[PDB]
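Each answer follows from the model by the rule given with it, or from the source it names; no laboratory read-out is quoted. Note that we place each Cβ from the backbone using ideal geometry, even for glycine, and neighbour counts take in every protein chain shown.
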2 protein chains.
Amino acid sequence: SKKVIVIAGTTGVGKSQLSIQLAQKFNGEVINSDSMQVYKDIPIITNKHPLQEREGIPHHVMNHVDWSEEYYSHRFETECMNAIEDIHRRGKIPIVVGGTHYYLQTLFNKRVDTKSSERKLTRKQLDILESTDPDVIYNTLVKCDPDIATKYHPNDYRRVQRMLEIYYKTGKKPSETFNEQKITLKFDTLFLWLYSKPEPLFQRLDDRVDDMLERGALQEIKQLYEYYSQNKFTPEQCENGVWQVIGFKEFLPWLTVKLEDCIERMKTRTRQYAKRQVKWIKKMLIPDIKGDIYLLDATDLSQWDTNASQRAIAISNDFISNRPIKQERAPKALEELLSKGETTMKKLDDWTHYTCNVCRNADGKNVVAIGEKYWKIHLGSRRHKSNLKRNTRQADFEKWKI
Amino acid sequence: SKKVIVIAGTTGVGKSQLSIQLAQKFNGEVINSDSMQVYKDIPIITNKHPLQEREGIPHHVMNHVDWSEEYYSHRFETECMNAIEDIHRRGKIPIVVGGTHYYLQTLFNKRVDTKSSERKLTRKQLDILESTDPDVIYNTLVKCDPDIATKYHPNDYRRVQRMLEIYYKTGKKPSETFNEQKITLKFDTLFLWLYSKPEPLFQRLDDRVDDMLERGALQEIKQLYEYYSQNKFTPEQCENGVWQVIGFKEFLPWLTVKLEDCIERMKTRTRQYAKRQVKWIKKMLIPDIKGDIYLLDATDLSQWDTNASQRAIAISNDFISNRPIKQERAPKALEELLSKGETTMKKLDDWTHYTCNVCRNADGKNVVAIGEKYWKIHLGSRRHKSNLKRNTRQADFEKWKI
RNA sequence: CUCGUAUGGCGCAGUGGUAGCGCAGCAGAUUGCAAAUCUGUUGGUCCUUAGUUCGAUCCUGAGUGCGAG
RNA sequence: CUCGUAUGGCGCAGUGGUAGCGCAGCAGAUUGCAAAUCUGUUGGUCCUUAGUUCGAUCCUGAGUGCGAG
Ligand SMILES: [Mg+2]
Ligand SMILES: [Mg+2]
Ligand SMILES: [Mg+2]
Ligand SMILES: [Mg+2]
Ligand SMILES: [Zn+2]
Ligand SMILES: [Zn+2]
């Protein structure tokens, strides 16, 4: 009965705090899921409650990757899948905690294997793959497997390129692979959503940036700018590694109310990450695991012990005890959060493309709407209204000539 | 990949009526589950849509059994599995329905493989298995694997006996087998719960019995008593076959007011089945498939086309189209029906046994409560109150003699 | 006119001293029998009355409801 | 009292004919980069008021808040 407990949510609710209670209380090792904490030390700014608070619970896939390195999906795909191994073969229950919920796709069938195949990537194929022009690599995909071709935009470099590579290396179009995909989840899992109202969670996430300088956010980033030298690397790769952490790039140009230049920006970047996190849980995660998840009202921190702690244990208990849970799944307060309307409903289903002939971006290309709902939006945007007006307006230069 | 569309619900909405609407628009075979439709003709009373409005839709597992045969959970566990095969390899899709929701338990990993190891039980083992006394075969189980032993009552013949046979034939205790059981479901499934209010569904189920005589319920049962005469199946083989169908035993005295004797009884038996059906879906099915099911308000039959038909297609559609459904999963009206409280909550979790020393049934044995909740109930039942009262009295006289 | 019977929603057992069984109902169970099987439990205080009595559902008479020649 | 000056949520441009830019904010995508990357979009009656001009956000008269001796 390979069971696995997963804690999802925005930072500022107590995930790395609950993962501790649900650790010894049920014998488990906590795995990480932050495309930041994996980088050697440099805590505080990268968030990670002091070691003397992990209650001796062996964490995995975190604090080990070197600054002058890059962390990708695959990396976690194996490093995580691996930690689960050890934790399992040790009668201990894994507890995956993390903000990059994209990585949660590993805990269940959703990845495309691309290594066991030796499809000789002929020169002609690579030239198309490693092409400088985005539309030429797209049209190629449009031909072979036009299905998946529509699910993406002709400007989605990373995406279109990824799909074609799959068609080439595996031979079998990626459209079919998905049409007959397991989608099931490995190891019986228990998803816990430790959510918190936006307004408060925001006020907290900001006072968290303030009191973040006191703990030594200064030295943190300062010790970060130090590694910046003795190596040198222009923004050609100095914006994809530890560099992303909130506080580095903010004081980067401020080191070649001037304080606000970095303060307000930091507090902003934080919220953005949060907002997206929620979006991914609501539009991706939840819908995929078919609304099977348990919310935890973390809005009021003065009731966390009863609204998130106590509640968590109970739920987590029956989960491990192989006994069906009796918990309502979500407090009446945060009830709509799981409703199809606040989740799956926000998804996209109409992929039919649309092209506006009277509008185009800087790249010269005409605008490309995807979906009736959105195609109709463009046709109503000031943009379209203006181009359409000065169009029929530049035409009125004929009446005054004929 | 291979998908299936089950249709649960009592017998007073249109499960068979809708199983057709979908089986066509989405191309599929309607696998039956009702343990009554699986008998040569005799439909007018065993209920099963006539070929008239059949619209040439293929129906499996039904009408293939003869009056003289005892159908069980295995013959279905095989026939169904086979029927689905054909459908899956014929460019179609299984549209399973049925009334005996128990059998649907086969649509996933649950049962044990007590076939591979056809090990022969030593005389000593069989003697214990095929014992006449229920407590002696139970104590045996209490010893080897006391875990599963508590999940049952010392009077649960069929149950306790079945568990022991699993321990013997497989060697591995049934307690562990369940503690590490898949529980997952084979083939992506879509459960549709075509429910309807109790009051109305009852009024309908009864006018159903009335107009049931007109279609020829008389000849139906009459042609049933005819098969009775041959070999004249004594009350030995009268509860293991078509015999149990409504009308048979009901009108047995009408062939050895006198009309109500069978009328009221019939209408009653009907409701009983319905009530239990709902309970199984609410306490068993739903909880198991983790509240993943779609209700369909069939209370008002004047809105069926919109509340059950239209709605069903839509949901069914995205299901097959491999697109996550956007349907609210259950109309605000019938909302509590899926709530943990109206389902999983009704389950039993405290299995600790309890014995009353002042109470015993006809079998002589003392009462055996299972679970605090219920142990406390017994301690307050009139039964206990009386035995406890007439006890202190016929025991206080001794306290008087001296 | 002759005679028994006249108890939980219905069909029944039963004792001078304060009551039961099955059906139904409610409820739990269900990992080859599930329209089966198992388990628990809510309803009467014995048609009405006056007496017979230390006290009657069970005793006597009667008003009354059914069963018969 | 004499001069600067107020343009969408924040900061800035800008033209005689009825407006932009960066940043926020909102929305969609995501099956080896995801704190990435891609795509779409809502905000102002250009301070108030009165005039020359056919036209006023940009010219002129004061009007009001803000800043300057
Ligand atoms: Mg933390
Ligand atoms: Mg007396
Ligand atoms: Mg003044
Ligand atoms: Mg922006
Ligand atoms: Zn346009
Ligand atoms: Zn008792």
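Condition test on B:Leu388, is it more than 16 Å from ligand 1 (Cβ to nearest atom) and surrounded by fewer than 18 Cβ atoms within 10 Å (Cβ to Cβ)? Judged against the criteria, B:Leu388 is a match.
Residues of segment B:125-171 being farther than 21 Å from B:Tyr354 by Cβ and in a loop (DSSP other than H, G, I, E, B), which ones?
Applying the first criterion (farther than 21 Å from B:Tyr354 by Cβ) to segment B:125-171 yields B:125-133, B:136-137, B:140, B:144, B:158, B:161-162, B:164-171.
Passing the criteria: B:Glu130, B:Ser131, B:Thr132, B:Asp133, B:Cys144, B:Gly171.
Going by the conditions given, is B:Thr256 assigned to a helix (DSSP H, G or I) and out of contact with any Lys or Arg (no Cβ under 8 Å at 6 or more places or on another chain)? No; evaluated as a whole, the condition is false for this residue.
Quick grid of which residues meet (1) more than 14 Å from chain A (Cβ to nearest Cβ); (2) touching a strand residue (DSSP E or B) at 6+ places or on another chain (Cβ under 6 Å); (3) of a type in the set (A, V, I, L, M):
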{"position": "B:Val136", "(1), (2), (3)": "yes, no, yes"}
{"position": "B:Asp145", "(1), (2), (3)": "yes, no, no"}
{"position": "B:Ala149", "(1), (2), (3)": "yes, no, yes"}
{"position": "B:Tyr167", "(1), (2), (3)": "yes, no, no"}
{"position": "B:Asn179", "(1), (2), (3)": "no, no, no"}
{"position": "B:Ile183", "(1), (2), (3)": "no, no, yes"}
{"position": "B:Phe187", "(1), (2), (3)": "no, yes, no"}
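Of all residues in segment B:320-362, how many are more than 7 Å from chain A (Cβ to nearest Cβ) and outside any loop (DSSP other than H, G, I, E, B)? Going through segment B:320-362 one residue at a time, the tally reaches 15. Quick check on segment A:265-276. Is at least one of its residues more than 30 Å from B:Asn179 (Cβ to Cβ), away from chain B (no Cβ under 14 Å), surrounded by 13 or more Cβ atoms within 10 Å (Cβ to Cβ) and over 24 Å from the mean Cα position of the chain (by Cα)? No, there is no match, as no residue in segment A:265-276 is more than 30 Å from B:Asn179 (Cβ to Cβ), away from chain B (no Cβ under 14 Å), surrounded by 13 or more Cβ atoms within 10 Å (Cβ to Cβ) and over 24 Å from the mean Cα position of the chain (by Cα). When you scan segment A:28-47, do you find a residue that is more than 21 Å from A:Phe191 (Cα to Cα), out of contact with any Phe, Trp or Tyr (no Cβ under 6 Å at 6 or more places or on another chain), surrounded by fewer than 21 Cβ atoms within 10 Å (Cβ to Cβ) and charged (D, E, K, R), even just one? Yes; the residues of segment A:28-47 include at least one that is more than 21 Å from A:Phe191 (Cα to Cα), out of contact with any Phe, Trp or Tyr (no Cβ under 6 Å at 6 or more places or on another chain), surrounded by fewer than 21 Cβ atoms within 10 Å (Cβ to Cβ) and charged (D, E, K, R). Being small (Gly, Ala, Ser), farther than 30 Å from B:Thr184 by Cβ, loosely packed, with under 14 Cβ neighbours inside 10 Å and within 16 Å of ligand 5 (Cβ to nearest atom) is a description that does not apply to A:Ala333.
Looking only at segment B:274-305, how many residues end up being part of a loop (DSSP other than H, G, I, E, B) and not polar (S, T, N, Q)? It would help to see each step written out before you state the result.
Our first condition is that a residue be part of a loop (DSSP other than H, G, I, E, B); within segment B:274-305, this holds for B:289-293, B:296-303.
Subset that is not polar (S, T, N, Q): B:289-293, B:296-298, B:300-301.
Number of matching residues: 10.
Condition check ((1) near RNA strand D (Cβ under 8 Å from one of its atoms); (2) more than 21 Å from A:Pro287 (Cα to Cα); (3) touching a strand residue (DSSP E or B) at 6+ places or on another chain (Cβ under 8 Å); (4) in the same structural domain as A:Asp156 (by CATH)) across all residues:
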{"residue": "A:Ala330", "(1), (2), (3), (4)": "no, no, yes, no"}
{"residue": "A:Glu336", "(1), (2), (3), (4)": "no, no, no, no"}
{"residue": "A:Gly341", "(1), (2), (3), (4)": "no, no, no, no"}
{"residue": "A:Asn361", "(1), (2), (3), (4)": "yes, yes, yes, no"}
{"residue": "A:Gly364", "(1), (2), (3), (4)": "no, yes, no, no"}
{"residue": "A:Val368", "(1), (2), (3), (4)": "yes, yes, yes, no"}
{"residue": "A:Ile377", "(1), (2), (3), (4)": "yes, yes, yes, no"}
{"residue": "A:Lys385", "(1), (2), (3), (4)": "yes, yes, no, no"}
{"residue": "A:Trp400", "(1), (2), (3), (4)": "no, yes, no, no"}
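Taking segment A:189-201 as the search range and keeping residues that are away from chain B (no Cβ under 14 Å) and aromatic (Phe, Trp, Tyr), which one is farthest from B:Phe319 (Cα to Cα)? Here the residue is A:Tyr195.
Take the residues in segment A:359-400 that are over 36 Å from the mean Cα position of the chain (by Cα) and among the acidic types (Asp, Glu), then tell me which one is nearest to ligand 6 (Cβ to nearest atom).
As a first pass, look at segment A:359-400 and keep what is over 36 Å from the mean Cα position of the chain (by Cα): A:388-400.
Okay, now just the ones that are also among the acidic types (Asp, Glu), so A:396, A:398.
Details: A:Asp396: 98, A:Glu398: 103 Å.
Among those that are over 36 Å from the mean Cα position of the chain (by Cα) and among the acidic types (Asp, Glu), it is A:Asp396.
When segment B:201-223 is filtered for residues that are within 22 Å of B:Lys40 (Cβ to Cβ) and in contact with a helix residue (DSSP H, G or I) (Cβ under 7 Å, 6 or more places away or on another chain), only B:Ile221 remains. Of all residues in segment A:255-311, those that are in contact with a helix residue (DSSP H, G or I) (Cβ under 7 Å, 6 or more places away or on another chain) and within 19 Å of A:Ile45 (Cβ to Cβ) total 10. When B:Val368 is tested against the conditions (1) surrounded by 11 or more Cβ atoms within 10 Å (Cβ to Cβ); (2) more than 16 Å from RNA strand C (Cβ to nearest atom), the lone failure is (2). For segment A:73-85, the count of residues that are in contact with a helix residue (DSSP H, G or I) (Cβ under 6 Å, 6 or more places away or on another chain), within 16 Å of ligand 1 (Cβ to nearest atom) and among the acidic types (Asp, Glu) is zero.
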